[PDB]
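Q: First the structure, which I've put down as structure tokens, then a few questions once you've had a look.
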Amino acid sequence: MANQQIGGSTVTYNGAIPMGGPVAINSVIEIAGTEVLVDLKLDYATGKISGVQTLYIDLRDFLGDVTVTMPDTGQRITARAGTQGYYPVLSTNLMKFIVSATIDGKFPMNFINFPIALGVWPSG
Amino acid sequence: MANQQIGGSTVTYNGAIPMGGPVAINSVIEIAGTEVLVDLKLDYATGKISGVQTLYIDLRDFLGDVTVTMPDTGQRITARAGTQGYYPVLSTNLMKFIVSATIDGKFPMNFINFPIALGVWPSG
Amino acid sequence: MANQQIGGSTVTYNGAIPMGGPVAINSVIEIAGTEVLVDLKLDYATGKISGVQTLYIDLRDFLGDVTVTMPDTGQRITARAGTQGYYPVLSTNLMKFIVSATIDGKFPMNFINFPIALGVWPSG
Amino acid sequence: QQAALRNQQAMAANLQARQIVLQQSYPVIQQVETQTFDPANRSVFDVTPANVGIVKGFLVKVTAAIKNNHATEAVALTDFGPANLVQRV
Amino acid sequence: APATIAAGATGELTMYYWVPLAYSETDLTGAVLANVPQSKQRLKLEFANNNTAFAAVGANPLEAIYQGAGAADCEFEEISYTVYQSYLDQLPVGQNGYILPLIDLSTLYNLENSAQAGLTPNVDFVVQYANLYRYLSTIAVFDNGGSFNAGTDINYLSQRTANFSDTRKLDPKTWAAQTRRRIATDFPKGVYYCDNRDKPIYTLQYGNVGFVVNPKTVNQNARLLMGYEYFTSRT
Amino acid sequence: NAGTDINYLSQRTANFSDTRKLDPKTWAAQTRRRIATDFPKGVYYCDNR
Amino acid sequence: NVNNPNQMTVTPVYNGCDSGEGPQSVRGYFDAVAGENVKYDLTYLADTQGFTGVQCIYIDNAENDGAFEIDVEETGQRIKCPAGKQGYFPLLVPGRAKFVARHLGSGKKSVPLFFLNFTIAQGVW
Amino acid sequence: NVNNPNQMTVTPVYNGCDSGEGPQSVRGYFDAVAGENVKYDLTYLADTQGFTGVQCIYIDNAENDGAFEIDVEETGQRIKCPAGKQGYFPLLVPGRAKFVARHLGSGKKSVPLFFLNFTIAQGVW
Amino acid sequence: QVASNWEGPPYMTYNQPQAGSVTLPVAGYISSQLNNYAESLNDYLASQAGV
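Residue numbers (the authors' numbering), protein chains in the order written: chain R, 1 to 124; chain X, 1 to 124; chain Z, 1 to 124; chain E, 11 to 99; chain D, 150 to 384; chain V, 298 to 346; chain S, 2 to 126; chain G, 2 to 126; chain A, 30 to 58, 96 to 117.
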């Protein structure tokens, strides 16, 4: 009973209000074979958006699921089939994102940067 | 009717904003051997994370449930089968955690330390 | 057709942050025949908890529903069968509670005193 | 450093007042709670002490009545033994 | 406590604990002034239930009390507890109020335990001391996967500083020789004690000191339990 | 007898207040803190030094 | 599908901030509703006392068999609570607080109800 | 499993903070549609008055039989409310506050709708 | 023969903390002290050179 864990990571995150304003980023993708990388490190250095805090994923026409992964954290938020939703996210000053799906489709995505509580439009 | 009680347990918690940063801890859990103990008292003493306030539990490919238990409180947050979720926990300066499941599995788990409101991706 | 009411009560509440700490109380309830009364007036006078603001009700192994009633306001929060949940309640400085269930069983209960939003682990 | 003389003068006034309390006060030891329970029901209990004076410790006396209901086999004491009667304080 | 409990028998146990606040009887450091109006003074206690006190053969007898082939049907009949509080009454009152050792009641005296994992054979395992505490003693229990050994699974134990410098790098028999001139016996097998009462490990005025165990044999699910004892203030 | 014929040993003051009032096994526990053994069967020690 | 704008919309003002008094609530009950519409006129309490607005509402339909509506007057918001549920609902209520309730159950259902005056987020367990 | 980045992205600004005026909703119905798109141009109210944005929205499809979309223009957000539900939805709207509504019901359904300008969390009971 | 900066032999006292010295400060902390930073370097070099 109760064996002890060996190693865990420790990562800094984005949780406050930026010196700019509420600023999201429309990043409509198309997977169509395997994966899609989203790199927002250029915007962070060049004076734009200061760090992704929330995701808005809109898949009401897509028949499968959509997974978004942070590489520095390992969180892999998976939005469901015919649902829209706001998802708080654990993201670093390095804003890289691995987006995946099953086969096809185009999904509007908004990298939001300010806190919005969670919600998903249909349930069950 | 009207049966009074004898013993309750008063205990202090973590509910405010850290003067360090928003800091989460990835502590991927391996079960199908025992129950799993997570002890973050070493991180609290050595200058790192001040106190676990929220859990992110990621059960997407798992077929059973996952229970996380705080020993100072007795709170028994039990995540369900094919769902991901954010769960606020009642946790003390002792960051000890008893992680269990039903059968098997590998679970991405994040010990978040800042308040995130509750949500669960599919419902029902 | 277009009628008007006669009498309505007005109660003062607990809704702010305590100048003590975030403090919850484990008060595990066994009913097994009728009803269980919880009285936290002694803790409020003797320097402890300032007033209950949220409930955590843990019903995973309980096969029926659980009702908690405030006597000063008449609010009668009812938790569902196989679900855990956080519930904000309308409670007065007289911190009395009438807990009930159907038949049997034991379930953990926490009297939280700081605001946590809603949430129920399975829905539907 | 001039700040190491006041923090040694504060220790001299503190040690002067420690030997006033230990020499001119009364050591009391009194029972605050007693309770007998069955551990199948509950095993975590909270003890409200007395709020008086300068508290300098607690003495906890734990007894038990372990019964072996097996058919033919026995059990033996472990190395830690009765020191595992209180799991946490 | 009886040494064995046969089939159908009933053993009566008793055990005493001293939960300290002040350091000793003549040194009032860590003591608690409980004459405050809205006092929240509290003493939690958890006890052994029927799942943590009786281990089967081949299990981990760490938190257990009895262990054997008949532990599947052992159970408690009762547990009774009694708490006694030792305190100082009739404090000296002066013209300006109470006469008290102010920076003796400002200091805490704490006892913590932990559990570390990740042990590798012939590799040093360092547990760091927290920089805010002044450590007085250290207790390390090498739980080698439900098995305890009398030093025959540890190469050495040490207290290494920040650079690489060791201060007490000793064989497990020589480590036990240092505890025999403190407690005049040996702790049980697997338990190792480190005394620092003459000079506490502050690890804020002399670097970052750690505690090293170099094991010889490591089984699966082997952990290292670390008990601490230290002072704490706001200096 | 070894404490089985005593309910409690105590020490009172002027206003009938016990300044120690212990079980016979707890009275003997404070004896073991000083002389590192028990006094013989029926002997009860009280330290006030 | 062609894009067509509309003529005119309205604009009321609300009570979305914190009270200068304490958190308060008003209980409305004994709701034996054979007549379907029931008015709650809280303007009596707003000027005499300090009950300076209704922000959230708590509807308890645990034993109700049908749905349950509540209507705000100046705003026109017509929040309907489901059949066997209970929960908290934020409201858009002006400084002149009047409400109209209605019913679709199987007889009068007594419907305990609270007008909450401060902010509580949504949840309809 | 191959990884592929993308070319170019969009970047607008929003109204996520608290108003210098009070909380104010805008009741946008009389949109009986069944076959068209309905534009809401709130730029008239944003400069003539102090109605400095739209933060949240309230859609009431309690008697609608199909879904209900609302699109924001400079952002491209595409919030679709379910068939027989109602609830509050936060929005990503710039200063040029323009909206386009759609429908999939069984005839014109007269859906009431509110543009809130302050923050209300999600809930779609 | 006394020197106002002489702390002893410089190969034996250069890395030695002072007497009380729980935690040492840094000798300088535009953002902080500047001429106190320059005089904390001149006083150290005068200790290593003996007037």
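Positions of the beta carbon are idealized from the N, C-alpha and C atoms, including for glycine.
Figure out for me which residue from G7/X, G20/X, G85/X, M1/X has the closest Cα to the Cα of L55/X.
A: Mapped onto the second sequence, residue 55/X falls at position 55. Distance check between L55/X and each of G7/X, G20/X, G85/X, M1/X places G85/X closest, using alpha-carbon atoms only.
Q: To the nearest angstrom, how far is the alpha carbon of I17/Z from that of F114/Z?
A: Within the third sequence, residue 17/Z is the residue found at index 17, counting from 1. Within the third sequence, residue 114/Z is the residue found at index 114, counting from 1. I17/Z and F114/Z: Cα-Cα distance of roughly 6 Å.
Q: Leaving out five residues on either side along the sequence, give the residues of the same chain with a beta carbon under 6 Å from the beta carbon of residue 127/S.
A: Outside the displayed range of chain S (2 to 126) lies residue 127/S, so it cannot be described from this structure.
Q: Assign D43/X to one of three DSSP states: helix, strand, or coil.
A: As a working mapping, residue 43/X is identified with position 43 in the second sequence. DSSP places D43/X in helix when its eight states are reduced to three.
Q: So with CB distances below 9 Å, who are the chain Z contacts of residue 129/X?
A: Residue coverage of chain X in this structure runs from 1 to 124, which leaves residue 129/X outside it and unanswerable.
Q: Going along chain Z, which residues have a C-beta under 7 Å from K189/D?
A: Here the question's residue 189/D lines up with position 40 in the fifth sequence. Those are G47, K48, listed as they occur along chain Z.
Q: Cα separation between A122/G and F119/S?
A: Locating residue 122/G in the eighth sequence gives position 121, counting from the first residue. Locating residue 119/S in the seventh sequence gives position 118, counting from the first residue. The alpha-carbon atoms of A122/G and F119/S are separated by roughly 15 Å.
Q: Please confirm if the segment 95-113 of chain G is in contact with the segment 53-69 of chain G, defined as three or more CB-CB distances below 8 Å between the two stretches.
A: yes
Q: Could you tell me whether the Cβ atoms of residue 127/G and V27/G are closer together than 8 Å?
A: No statement about residue 127/G is possible, as the shown extent of chain G runs from 2 to 126 and does not include it.
Q: Rounded to whole angstroms, what is the Cα-Cα separation between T381/D and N280/D?
A: Taking the first residue of the fifth sequence as 1, we reach residue 381/D at position 232. Taking the first residue of the fifth sequence as 1, we reach residue 280/D at position 131. The C-alpha of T381/D lies about 11 Å from the C-alpha of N280/D.
Q: Should residue 97/D go down as buried or exposed, given a rule of 16 or more other Cβ atoms within 10 Å for buried?
A: It is not possible to answer for residue 97/D, since the shown part of chain D is limited to 150 through 384.
Q: Residues in the segment 28-48 of chain E with C-beta within 9 Å of chain V's C-beta atoms, listed in sequence order?
A: Going along the segment 28-48 of chain E in chain order, one finds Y36, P37, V38, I39, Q40, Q41 with a Cβ nearer than 9 Å to chain V.
Q: Tell me, to the nearest whole angstrom, how far the beta carbon of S27/X is from that of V38/X; I am working on the premise that it is less than 8 Å.
A: Looking up residue 27/X in the second sequence gives position 27. Looking up residue 38/X in the second sequence gives position 38. Right, their Cβ atoms sit about 6 Å apart.
Q: Can you pull the chain R neighbours of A266/D, defined as C-beta to C-beta under 7 Å?
A: Here the question's residue 266/D lines up with position 117 in the fifth sequence. Near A266/D (Cβ distances below 7 Å), the residues of chain R are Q4, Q5, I6.
Q: Are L90/Z and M70/Z close, meaning C-beta to C-beta below 8 Å?
A: Position 90 of the third sequence, counted from the first residue, corresponds to residue 90/Z. Position 70 of the third sequence, counted from the first residue, corresponds to residue 70/Z. Annotated as proximal: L90/Z and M70/Z, with beta-carbon spacing under 8 Å.
Q: Among the candidates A183/D, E224/D, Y278/D, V185/D, whose CA atom is the shortest distance from the CA of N262/D?
A: Against the fifth sequence, residue 262/D aligns to sequence position 113. With respect to the C-alpha of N262/D, the residue from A183/D, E224/D, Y278/D, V185/D having the closest C-alpha is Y278/D.
Q: Output needed for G124/G: all residues of its chain with C-beta closer than 7 Å, excluding positions within five of it in sequence on either side, in chain order.
A: Here residue 124/G refers to the residue found at position 123 of the eighth sequence. Cβ neighbours of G124/G beyond the five flanking positions: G88, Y89.
Q: Using a Cβ cut-off of 8 Å, pull out every chain Z residue sitting near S26/S, in sequence order please.
A: The residue given as residue 26/S occupies position 25 in the seventh sequence. By Cβ distance, chain Z contributes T10, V11, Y13, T73, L90.
Q: Distance, Cα to Cα, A2/R vs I112/X?
A: Here residue 2/R is taken as the residue at index 2 of the first sequence, counted from 1. Here residue 112/X is taken as the residue at index 112 of the second sequence, counted from 1. The alpha-carbon atoms of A2/R and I112/X are separated by roughly 22 Å.
Q: For a cutoff of 8 Å on Cβ pairs, would you count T102/X as touching chain R?
A: Position 102 of the second sequence, counted from the start, is the residue given in the question as residue 102/X. No, its Cβ sits nowhere closer than 8 Å to a Cβ of chain R.
Q: In whole angstroms, what is the alpha-carbon distance linking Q114/A and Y103/A?
A: Position 48 of the ninth sequence, counting from 1, holds the residue named residue 114/A. Position 37 of the ninth sequence, counting from 1, holds the residue named residue 103/A. Roughly 17 Å between the two C-alpha positions.
Q: Judging by CA-CA distance, which residue of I77/Z, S123/Z, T102/Z is the nearest neighbour of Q53/Z?
A: Numbered from its first residue, the third sequence carries residue 53/Z at position 53. It is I77/Z whose Cα lies nearest to the Cα of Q53/Z.
Q: Would you give the residue range spanned by the alpha helix (DSSP H) that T12/S belongs to?
A: The count along the seventh sequence starts at 1 and reaches residue 12/S at position 11. Premise fails: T12/S is in no alpha helix (DSSP H) and is neither H nor E.
Q: I'd like the span of the beta strand (DSSP E) that includes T10/Z, first residue to last.
A: Sequence index remark: in the third sequence, residue 10/Z carries index 10 (1-based). That run of the beta strand (DSSP E) goes 9-12.
Q: Nearest CA to the CA of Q354/D: which residue from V51/A, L100/A, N44/A?
A: Numbered from 1 along the fifth sequence, position 205 holds the residue referred to as residue 354/D. The shortest C-alpha separation from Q354/D is found at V51/A.
Q: Would you kindly check if the distance between the Cβ of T83/Z and the Cβ of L59/Z is under 8 Å?
A: For the purposes of this step, residue 59/Z is identified with residue 59 of the third sequence, where counting begins at 1. For the purposes of this step, residue 83/Z is identified with residue 83 of the third sequence, where counting begins at 1. Yes. Within cutoff.
Q: Examine the Cβ distances between the segment 342-353 of chain D and the segment 233-249 of chain D and report whether three or more of them are shorter than 8 Å.
A: no
Q: Quick one: measure Cβ to Cβ for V362/D and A266/D, integer angstroms, because I've assumed they're closer than 8 Å.
A: Position 213 of the fifth sequence, counted from the first residue, corresponds to residue 362/D. Position 117 of the fifth sequence, counted from the first residue, corresponds to residue 266/D. So it is not a contact: roughly 12 Å between Cβ atoms.
Q: Could you spell out where the alpha helix (DSSP H) holding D48/S opens and where it closes?
A: For the purposes of this step, residue 48/S is taken as residue 47 along the seventh sequence, with counting starting at 1. Its alpha helix (DSSP H) spans residues 44-49.
Q: Using 8 Å as the Cβ pair cut-off and three pairs as the minimum, do the segment 78-97 of chain E and the segment 19-26 of chain E touch?
A: Between the segment 78-97 of chain E and the segment 19-26 of chain E, the count of Cβ pairs shorter than 8 Å is below three; the stretches do not touch.
Q: According to DSSP, is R76/X helix, strand or coil?
A: If you number the second sequence from 1, residue 76/X lands on position 76. Three-state DSSP puts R76/X in a strand.
Q: Give the straight-line distance between the Cα atoms of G207/D and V68/Z, rounded to the nearest whole angstrom.
A: Looking up residue 207/D in the fifth sequence gives position 58. Looking up residue 68/Z in the third sequence gives position 68. Rounded to whole angstroms, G207/D to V68/Z spans 46 Å at the Cα level.
Q: With DSSP run on the structure shown, which of helix, strand or coil describes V96/E?
A: Within the fourth sequence, the letter at position 86 stands for residue 96/E. Looking at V96/E - three-state DSSP - the assignment turns out to be strand.
Q: What residues of chain D sit near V55/A, judged by a beta carbon separation below 9 Å?
A: For the purposes of this step, residue 55/A is identified with residue 26 of the ninth sequence, where counting begins at 1. Within 9 Å Cβ-Cβ: nothing; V55/A doesn't reach chain D, min ~16 Å.
Q: To the nearest whole angstrom, what separates the beta carbons of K106/X and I57/X, a pair I think is in contact under 8 Å?
A: Position 106 of the second sequence, counted from the start, is the residue given in the question as residue 106/X. Position 57 of the second sequence, counted from the start, is the residue given in the question as residue 57/X. Their Cβ separation, rounded to whole angstroms, is 12 Å, which puts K106/X and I57/X out of contact at 8 Å.
Q: Could you tell me how far apart the beta carbons of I6/Z and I25/Z are, in whole angstroms, since I believe they sit closer than 8 Å?
A: Within the third sequence, residue 6/Z is the residue found at index 6, counting from 1. Within the third sequence, residue 25/Z is the residue found at index 25, counting from 1. Contact doesn't hold; Cβ gap of about 38 Å is too wide.
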